[PDB]
Every structure is written in C-alpha cells, then in structure tokens.
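Scroll down for the structure; my scribbles are underneath it.
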Amino acid sequence: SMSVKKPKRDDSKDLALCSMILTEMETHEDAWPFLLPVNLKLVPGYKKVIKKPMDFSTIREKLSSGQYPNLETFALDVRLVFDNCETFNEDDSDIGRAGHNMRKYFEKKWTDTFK
C-alpha cells in the first residue's frame with residue numbers, strides 16, 4: 001500500500017529472456033501452424049469464431065516494439081495462440097496435436113526460466 005512495498009523482483013532481463021523463449025518456439029518443428037497470422041480471407045469461419053487472433057510473428061513484432069508492459073502480458077499472448085488453436089482444431093489433427101505439443105514446450109521453458 002502507500003509507502004509499503006514488497007521487495008523488488010529483478011525484471012531487467014525479462015525482455016531478453018522472453019525473446020529467447022520466442023526464438024525457441026519459432027524454431028520448433030511443430031511451429032508451422034503458428035508462424036504467421038491465419039489468413040482471414042481464405043479460412044472459413046476463422047474471423048467470426050476467433051475473437052482475438054494471435055501468432056508468433058505478431059508476438060515478435062509486439063515484443064520488438066515495446067508493446068508488452070510485463071512478462072505476464074507476453075505469456076498471455078503465447079497462451080492465446082494455443083487457446084485459439086484448441087478452439088478451432090480437432091485434438092486428433094496435425095494442427096491440433098502441434099498446438100498441444102507447443103503449449104507443453106512453452107510451459108516448461110516458462111517455469112524453468114522464471115519460476
């Protein structure tokens with residue numbers, strides 16, 4: 001509260017570390033469904049159903065231009081990628097499985113790096 005602060009958790013490396021994690025996700029063999037925004041002109045249903053589209057290129061641009069205020073808003077957009085994927089894709093499809101694999105991969109890097 002006013003003039004009463006918890007000790008300062010060092011956040012000065014967060015940008016570098018989120019960038020490293022994102023590189024690792026970009027270079028995963030199962031990243032291909034997530035590298036670019038879904039083409040809303042060419043994929044029936046996507047625009048109406050998926051209220052907040054998100055992809056790794058869009059997260060990379062946001063990260064590079066100071067549009068994440070903290071590491072939690074970064075994790076929210078990564079999870080949005082996989083939450084959208086589960087919304088639109090069957091679990092037993094190549095893309096559905098890719099999204100599960102990537103989410104697992106992310107969450108381990110996240111825990112190991114920050115928790």
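FYI, nothing fancy with the structure tokens labels: chains A, B, ... in order, residues from 1 per chain, ligands from 1 as they appear.
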
Which residues come within 8 Å of region 103-109 of chain A, counting only C-alpha atoms, excluding same-chain residues fewer than 2 positions away, as a count of residues only?
-> 10

Within 7 Å of region 44-56 of chain A using only C-alpha atoms, minus same-chain residues under 6 positions, as a PyMOL selection string: chain A and resi 26+34-37+77+80-81+84

Would you save the residues of that selection, restricted to N, CA and C atoms, as an mmCIF file, in the first residue's frame?
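Ended up saving to again-v3.cif:
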data_model
loop_
_atom_site.group_PDB
_atom_site.id
_atom_site.type_symbol
_atom_site.label_atom_id
_atom_site.label_comp_id
_atom_site.auth_asym_id
_atom_site.auth_seq_id
_atom_site.Cartn_x
_atom_site.Cartn_y
_atom_site.Cartn_z
ATOM 1 N N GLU A 26 9.767 -20.317 -32.222
ATOM 2 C CA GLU A 26 9.846 -20.081 -33.665
ATOM 3 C C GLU A 26 10.572 -21.194 -34.451
ATOM 4 N N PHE A 34 1.686 -21.730 -36.638
ATOM 5 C CA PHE A 34 1.639 -20.573 -35.690
ATOM 6 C C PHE A 34 2.559 -19.441 -36.100
ATOM 7 N N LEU A 35 3.297 -19.607 -37.177
ATOM 8 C CA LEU A 35 4.364 -18.654 -37.557
ATOM 9 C C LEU A 35 3.827 -17.317 -38.076
ATOM 10 N N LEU A 36 2.707 -17.383 -38.765
ATOM 11 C CA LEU A 36 2.047 -16.220 -39.398
ATOM 12 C C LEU A 36 0.601 -16.163 -39.025
ATOM 13 N N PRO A 37 -0.034 -14.984 -39.139
ATOM 14 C CA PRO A 37 -1.460 -14.897 -38.881
ATOM 15 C C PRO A 37 -2.272 -15.781 -39.854
ATOM 16 N N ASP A 77 -0.400 -13.685 -24.451
ATOM 17 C CA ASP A 77 -0.457 -13.791 -25.928
ATOM 18 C C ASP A 77 0.059 -15.146 -26.432
ATOM 19 N N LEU A 80 -2.752 -17.506 -25.745
ATOM 20 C CA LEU A 80 -3.827 -17.175 -26.686
ATOM 21 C C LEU A 80 -3.641 -17.922 -28.018
ATOM 22 N N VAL A 81 -2.396 -18.014 -28.503
ATOM 23 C CA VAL A 81 -2.077 -18.807 -29.695
ATOM 24 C C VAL A 81 -2.619 -20.256 -29.542
ATOM 25 N N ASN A 84 -6.603 -20.433 -28.990
ATOM 26 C CA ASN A 84 -7.241 -20.321 -30.305
ATOM 27 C C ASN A 84 -7.153 -21.595 -31.135
#

Worksheet item: Which polymer residues have any atom within 12 Å of an atom of region 11-13 of chain A, counting only C-alpha atoms, with same-chain residues fewer than 5 positions away left out, as a PyMOL selection string?
Response: chain A and resi 18-20+69-72+113-114

Run DSSP on the backbone and grab whatever in chain A lands in alpha helix (DSSP H); send it over as a PyMOL selection string. chain A and resi 14-26+46-49+56-64+71-88+94-114

(message) Given only C-alpha atoms as the basis, pick out the residue of A:32, A:15, A:7, A:24 nearest to residue 95 (chain A).
(response)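 Checking each candidate against residue 95 (chain A), we get A:32 as the closest.
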
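CA of residue 62 (chain A) is found 14.4 Å from CA of residue 14 (chain A).
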
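Computed from the coordinates, the CA of residue 94 (chain A) to CA of residue 63 (chain A) distance equals 28.1 Å.
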
CA of residue 115 (chain A) sits from CA of residue 3 (chain A) at a separation of 27.4 Å

Counting only C-alpha atoms, which residue out of A:40, A:86, A:74, A:8 sits closest to residue 61 (chain A)?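 With only C-alpha atoms as the atom set, the closest residue is A:74.
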
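Residue nearest residue 38 (chain A) within the list A:85, A:92, A:6, A:22: A:85 [criterion: smallest interatomic distance, only C-alpha atoms].
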